[PDB]
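So this one's model.cif, mmCIF, C-alpha atoms:
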```
data_final
loop_
_atom_site.group_PDB
_atom_site.id
_atom_site.type_symbol
_atom_site.label_atom_id
_atom_site.label_comp_id
_atom_site.auth_asym_id
_atom_site.auth_seq_id
_atom_site.Cartn_x
_atom_site.Cartn_y
_atom_site.Cartn_z
ATOM 1 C CA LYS Z 6 -10.509 -36.181 3.503
ATOM 2 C CA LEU Z 7 -12.075 -32.720 3.994
ATOM 3 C CA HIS Z 8 -14.817 -32.345 6.607
ATOM 4 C CA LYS Z 9 -17.675 -29.872 6.789
ATOM 5 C CA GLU Z 10 -18.048 -27.930 10.055
ATOM 6 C CA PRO Z 11 -21.062 -25.977 11.243
ATOM 7 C CA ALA Z 12 -20.935 -22.173 11.260
ATOM 8 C CA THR Z 13 -23.526 -19.455 11.718
ATOM 9 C CA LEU Z 14 -23.954 -16.490 9.445
ATOM 10 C CA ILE Z 15 -23.008 -13.187 10.986
ATOM 11 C CA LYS Z 16 -23.156 -11.162 7.735
ATOM 12 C CA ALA Z 17 -22.624 -11.442 3.998
ATOM 13 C CA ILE Z 18 -20.020 -8.861 2.930
ATOM 14 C CA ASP Z 19 -19.461 -9.231 -0.821
ATOM 15 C CA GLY Z 20 -19.858 -11.920 -3.483
ATOM 16 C CA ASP Z 21 -16.655 -13.554 -2.222
ATOM 17 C CA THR Z 22 -16.525 -12.824 1.490
ATOM 18 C CA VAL Z 23 -18.775 -13.683 4.415
ATOM 19 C CA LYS Z 24 -18.390 -13.206 8.173
ATOM 20 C CA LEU Z 25 -19.377 -16.332 10.112
ATOM 21 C CA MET Z 26 -19.314 -17.453 13.756
ATOM 22 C CA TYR Z 27 -16.878 -20.385 13.534
ATOM 23 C CA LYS Z 28 -16.066 -22.484 16.582
ATOM 24 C CA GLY Z 29 -17.250 -19.787 18.930
ATOM 25 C CA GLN Z 30 -15.786 -16.689 17.263
ATOM 26 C CA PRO Z 31 -16.505 -14.297 14.440
ATOM 27 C CA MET Z 32 -14.265 -14.773 11.402
ATOM 28 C CA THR Z 33 -14.218 -13.468 7.855
ATOM 29 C CA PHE Z 34 -14.082 -16.139 5.192
ATOM 30 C CA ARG Z 35 -12.965 -15.664 1.638
ATOM 31 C CA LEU Z 36 -14.475 -18.289 -0.695
ATOM 32 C CA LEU Z 37 -11.803 -20.559 -2.123
ATOM 33 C CA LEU Z 38 -11.162 -20.731 -5.872
ATOM 34 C CA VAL Z 39 -13.611 -18.044 -6.941
ATOM 35 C CA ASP Z 40 -13.093 -14.485 -8.074
ATOM 36 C CA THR Z 41 -16.261 -12.409 -8.155
ATOM 37 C CA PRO Z 42 -16.569 -8.900 -9.582
ATOM 38 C CA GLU Z 43 -16.072 -6.565 -6.610
ATOM 39 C CA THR Z 44 -18.479 -3.879 -5.467
ATOM 40 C CA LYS Z 45 -15.879 -2.135 -3.303
ATOM 41 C CA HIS Z 46 -12.326 -1.186 -4.187
ATOM 42 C CA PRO Z 47 -11.618 2.504 -4.724
ATOM 43 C CA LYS Z 48 -9.813 1.045 -7.754
ATOM 44 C CA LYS Z 49 -12.351 0.210 -10.435
ATOM 45 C CA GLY Z 50 -15.136 1.059 -7.995
ATOM 46 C CA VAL Z 51 -18.019 -1.306 -8.678
ATOM 47 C CA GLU Z 52 -17.359 -3.781 -11.416
ATOM 48 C CA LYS Z 53 -20.177 -5.082 -13.590
ATOM 49 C CA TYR Z 54 -21.928 -8.051 -11.949
ATOM 50 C CA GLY Z 55 -20.417 -6.995 -8.598
ATOM 51 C CA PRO Z 56 -23.857 -6.161 -7.183
ATOM 52 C CA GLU Z 57 -25.407 -9.327 -8.654
ATOM 53 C CA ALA Z 58 -22.704 -11.628 -7.215
ATOM 54 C CA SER Z 59 -23.082 -9.889 -3.887
ATOM 55 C CA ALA Z 60 -26.856 -10.300 -3.872
ATOM 56 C CA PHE Z 61 -26.400 -13.863 -5.027
ATOM 57 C CA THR Z 62 -24.087 -14.862 -2.147
ATOM 58 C CA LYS Z 63 -26.132 -12.888 0.410
ATOM 59 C CA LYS Z 64 -29.430 -14.501 -0.641
ATOM 60 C CA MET Z 65 -27.923 -17.976 -0.521
ATOM 61 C CA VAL Z 66 -26.446 -17.700 2.978
ATOM 62 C CA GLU Z 67 -29.271 -15.644 4.396
ATOM 63 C CA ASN Z 68 -31.988 -18.134 3.446
ATOM 64 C CA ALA Z 69 -30.026 -21.207 4.472
ATOM 65 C CA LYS Z 70 -31.120 -23.202 7.486
ATOM 66 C CA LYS Z 71 -27.582 -24.587 7.752
ATOM 67 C CA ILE Z 72 -24.226 -23.130 6.799
ATOM 68 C CA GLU Z 73 -21.162 -25.353 6.749
ATOM 69 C CA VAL Z 74 -17.509 -24.517 6.159
ATOM 70 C CA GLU Z 75 -15.036 -26.891 4.613
ATOM 71 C CA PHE Z 76 -11.322 -26.099 4.874
ATOM 72 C CA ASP Z 77 -9.080 -27.481 2.127
ATOM 73 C CA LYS Z 78 -5.713 -29.210 2.653
ATOM 74 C CA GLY Z 79 -3.526 -26.171 2.041
ATOM 75 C CA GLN Z 80 -3.081 -22.920 3.988
ATOM 76 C CA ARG Z 81 -6.251 -22.028 5.919
ATOM 77 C CA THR Z 82 -5.917 -18.277 6.232
ATOM 78 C CA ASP Z 83 -4.741 -15.551 3.812
ATOM 79 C CA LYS Z 84 -2.371 -12.698 4.770
ATOM 80 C CA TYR Z 85 -5.402 -10.648 5.785
ATOM 81 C CA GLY Z 86 -6.533 -13.202 8.360
ATOM 82 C CA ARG Z 87 -9.482 -14.486 6.311
ATOM 83 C CA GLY Z 88 -10.316 -18.214 6.490
ATOM 84 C CA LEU Z 89 -10.041 -19.889 3.059
ATOM 85 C CA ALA Z 90 -12.844 -22.335 2.597
ATOM 86 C CA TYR Z 91 -15.651 -23.820 0.638
ATOM 87 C CA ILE Z 92 -18.963 -22.635 2.110
ATOM 88 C CA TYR Z 93 -22.155 -24.704 1.942
ATOM 89 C CA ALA Z 94 -25.732 -23.433 2.353
ATOM 90 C CA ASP Z 95 -28.191 -26.319 2.916
ATOM 91 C CA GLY Z 96 -25.655 -28.627 1.375
ATOM 92 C CA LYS Z 97 -25.136 -26.569 -1.801
ATOM 93 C CA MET Z 98 -21.619 -25.185 -2.289
ATOM 94 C CA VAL Z 99 -21.827 -21.369 -2.647
ATOM 95 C CA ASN Z 100 -18.445 -21.413 -4.430
ATOM 96 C CA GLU Z 101 -19.834 -23.649 -7.187
ATOM 97 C CA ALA Z 102 -23.263 -21.937 -7.427
ATOM 98 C CA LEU Z 103 -21.559 -18.599 -8.126
ATOM 99 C CA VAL Z 104 -19.386 -20.159 -10.797
ATOM 100 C CA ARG Z 105 -22.256 -22.128 -12.372
ATOM 101 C CA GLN Z 106 -24.423 -19.015 -12.511
ATOM 102 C CA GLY Z 107 -21.722 -17.015 -14.336
ATOM 103 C CA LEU Z 108 -21.158 -14.760 -11.299
ATOM 104 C CA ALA Z 109 -17.496 -15.644 -10.621
ATOM 105 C CA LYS Z 110 -14.453 -16.978 -12.518
ATOM 106 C CA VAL Z 111 -12.390 -19.861 -11.099
ATOM 107 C CA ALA Z 112 -9.287 -18.488 -9.351
ATOM 108 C CA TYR Z 113 -5.747 -19.833 -9.554
ATOM 109 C CA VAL Z 114 -5.001 -22.372 -6.822
ATOM 110 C CA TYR Z 115 -3.609 -20.804 -3.635
ATOM 111 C CA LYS Z 116 -1.073 -22.767 -1.640
ATOM 112 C CA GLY Z 117 -2.382 -26.292 -2.190
ATOM 113 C CA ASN Z 118 -6.113 -25.555 -1.810
ATOM 114 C CA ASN Z 119 -7.257 -27.376 -4.962
ATOM 115 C CA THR Z 120 -9.618 -30.147 -3.882
ATOM 116 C CA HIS Z 121 -12.611 -28.842 -5.886
ATOM 117 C CA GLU Z 122 -10.780 -27.022 -8.653
ATOM 118 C CA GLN Z 123 -11.800 -29.517 -11.398
ATOM 119 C CA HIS Z 124 -15.394 -29.524 -10.282
ATOM 120 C CA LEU Z 125 -15.420 -25.707 -10.367
ATOM 121 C CA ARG Z 126 -13.672 -25.638 -13.725
ATOM 122 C CA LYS Z 127 -16.430 -27.801 -15.212
ATOM 123 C CA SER Z 128 -19.125 -25.499 -13.853
ATOM 124 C CA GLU Z 129 -17.333 -22.463 -15.212
ATOM 125 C CA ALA Z 130 -17.095 -24.024 -18.660
ATOM 126 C CA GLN Z 131 -20.840 -24.659 -18.590
ATOM 127 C CA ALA Z 132 -21.617 -21.091 -17.528
ATOM 128 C CA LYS Z 133 -19.375 -19.941 -20.374
ATOM 129 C CA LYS Z 134 -21.131 -22.179 -22.891
ATOM 130 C CA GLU Z 135 -24.425 -20.631 -21.693
ATOM 131 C CA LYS Z 136 -23.102 -17.089 -21.973
ATOM 132 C CA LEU Z 137 -24.408 -16.376 -18.489
ATOM 133 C CA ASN Z 138 -23.966 -13.034 -16.752
ATOM 134 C CA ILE Z 139 -20.239 -12.499 -16.688
ATOM 135 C CA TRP Z 140 -19.868 -14.669 -19.828
ATOM 136 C CA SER Z 141 -22.558 -12.694 -21.644
#
```
Show how you would write the structure in this file as structure tokens.
Amino acid sequence: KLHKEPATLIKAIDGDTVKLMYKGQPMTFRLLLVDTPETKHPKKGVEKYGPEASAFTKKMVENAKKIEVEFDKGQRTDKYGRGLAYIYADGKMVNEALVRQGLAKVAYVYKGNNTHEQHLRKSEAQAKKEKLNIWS
């Protein structure tokens, strides 16, 4: 069973990454199973929908009264030291909201973290069927 833990927003970084205060310290979290268009790498620069995904994530965590983190059953940090989790804002999963809104594609599973992959896949399919944002 996965369990949701409280966290406090420090700052939204990109569509896919947020810095949170988790169990007393600041930590950067990378959202599990989602790939959003980036607004940063010196390679490609700022991909289409990058700014929208960013604004999307930022709005969601910034207006939340409660942010919760949910680690999966696989590895909990990437090679860069980022926590790999599902993030919730007032009980809504940000990971899913991005996918459902056509602002992220579902990523390949990473080292056993697949609890919500099917759920995300369904949402992606729906966003695709609606030709939303990225799927437009």
Next on the checklist: If the PyMOL selection byres ((chain Z and resi 31-33) around 8) were run on this exact file, what residues would it hold? Put them as an NGL selection string.
Outcome noted: :Z and (15 or 22-27 or 29-30 or 34-35 or 86-88)
Write out as CSV the residues of stretch 25-70 of chain Z that have any atom within 10 Å of an atom of stretch 121-138 of chain Z, one row each with the nearest atom pair and its distance in Å to one decimal, counting all atoms listed in the file, sorted by chain and then rising number.
```
residue,atom,partner,partner_atom,distance
Z:37,CA,Z:121,CA,9.1
Z:38,CA,Z:122,CA,6.9
Z:39,CA,Z:125,CA,8.6
Z:53,CA,Z:138,CA,9.4
Z:54,CA,Z:138,CA,7.2
Z:57,CA,Z:138,CA,9.0
Z:58,CA,Z:138,CA,9.7
```
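Nearest to residue Z:79 of all the residues Z:12, Z:111, Z:7, Z:139 is Z:7, based on only C-alpha atoms.
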Checklist entry - Counting only C-alpha atoms, which residues come within 10 Å of (-30.5, -19.1, 1.4), with the point read in the file's coordinates, and could you list them as number ranges by chain? => result Z: 61-72, 94-95, 97, 99
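Taken over the whole file, the PyMOL selection byres ((chain Z and resi 8) around 12) covers exactly residues 6, 7, 9, 10, 11, 73, 74, 75, 76, 77, 78, 90, 91, 92, 93 and 120 of chain Z.
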Writing out the chosen residues with C-alpha atoms as a PDB file, in the frame of the given file:
```pdb
ATOM      1  CA  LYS Z   6     -10.509 -36.181   3.503  1.00  0.00           C
ATOM      2  CA  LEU Z   7     -12.075 -32.720   3.994  1.00  0.00           C
ATOM      3  CA  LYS Z   9     -17.675 -29.872   6.789  1.00  0.00           C
ATOM      4  CA  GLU Z  10     -18.048 -27.930  10.055  1.00  0.00           C
ATOM      5  CA  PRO Z  11     -21.062 -25.977  11.243  1.00  0.00           C
ATOM      6  CA  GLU Z  73     -21.162 -25.353   6.749  1.00  0.00           C
ATOM      7  CA  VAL Z  74     -17.509 -24.517   6.159  1.00  0.00           C
ATOM      8  CA  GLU Z  75     -15.036 -26.891   4.613  1.00  0.00           C
ATOM      9  CA  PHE Z  76     -11.322 -26.099   4.874  1.00  0.00           C
ATOM     10  CA  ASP Z  77      -9.080 -27.481   2.127  1.00  0.00           C
ATOM     11  CA  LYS Z  78      -5.713 -29.210   2.653  1.00  0.00           C
ATOM     12  CA  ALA Z  90     -12.844 -22.335   2.597  1.00  0.00           C
ATOM     13  CA  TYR Z  91     -15.651 -23.820   0.638  1.00  0.00           C
ATOM     14  CA  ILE Z  92     -18.963 -22.635   2.110  1.00  0.00           C
ATOM     15  CA  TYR Z  93     -22.155 -24.704   1.942  1.00  0.00           C
ATOM     16  CA  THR Z 120      -9.618 -30.147  -3.882  1.00  0.00           C
TER      17      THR Z 120
END
```
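With atom CA of residue Z:55 on one side and atom CA of residue Z:107 on the other, the separation reads 11.6 Å.
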Next on the checklist: Quick check, in Å to one decimal: how far apart do atom CA of residue Z:83 and atom CA of residue Z:60 lie?
Outcome noted: 24.0 Å
Checklist entry - With all atoms listed in the file as the basis for distance, which of Z:59, Z:82, Z:100, Z:44 is at the shortest distance from residue Z:112? => result Z:100
Item to check | Pick from Z:14, Z:42, Z:50, Z:36 nearest to residue Z:98, counting all atoms listed in the file | outcome: Z:36
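Comparing Z:40, Z:19, Z:80, Z:28 by their smallest distance to residue Z:110, the closest is Z:40 (using only C-alpha atoms).
A straight line drawn from atom CA of residue Z:101 to atom CA of residue Z:85 is 23.4 Å long.
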Once you add 8 Å to each side, what are the centre and edge lengths of the axis-aligned box holding all listed atoms of stretch 11-27 of chain Z? One decimal in Å, as lines of an AutoDock Vina configuration file, if you can.
```
center_x = -20.2
center_y = -17.4
center_z = 5.1
size_x = 23.4
size_y = 33.1
size_z = 33.2
```
Checklist entry - For residue Z:21, which residue out of Z:105, Z:41, Z:52, Z:47 is the nearest one, using all atoms listed in the file? => result Z:41
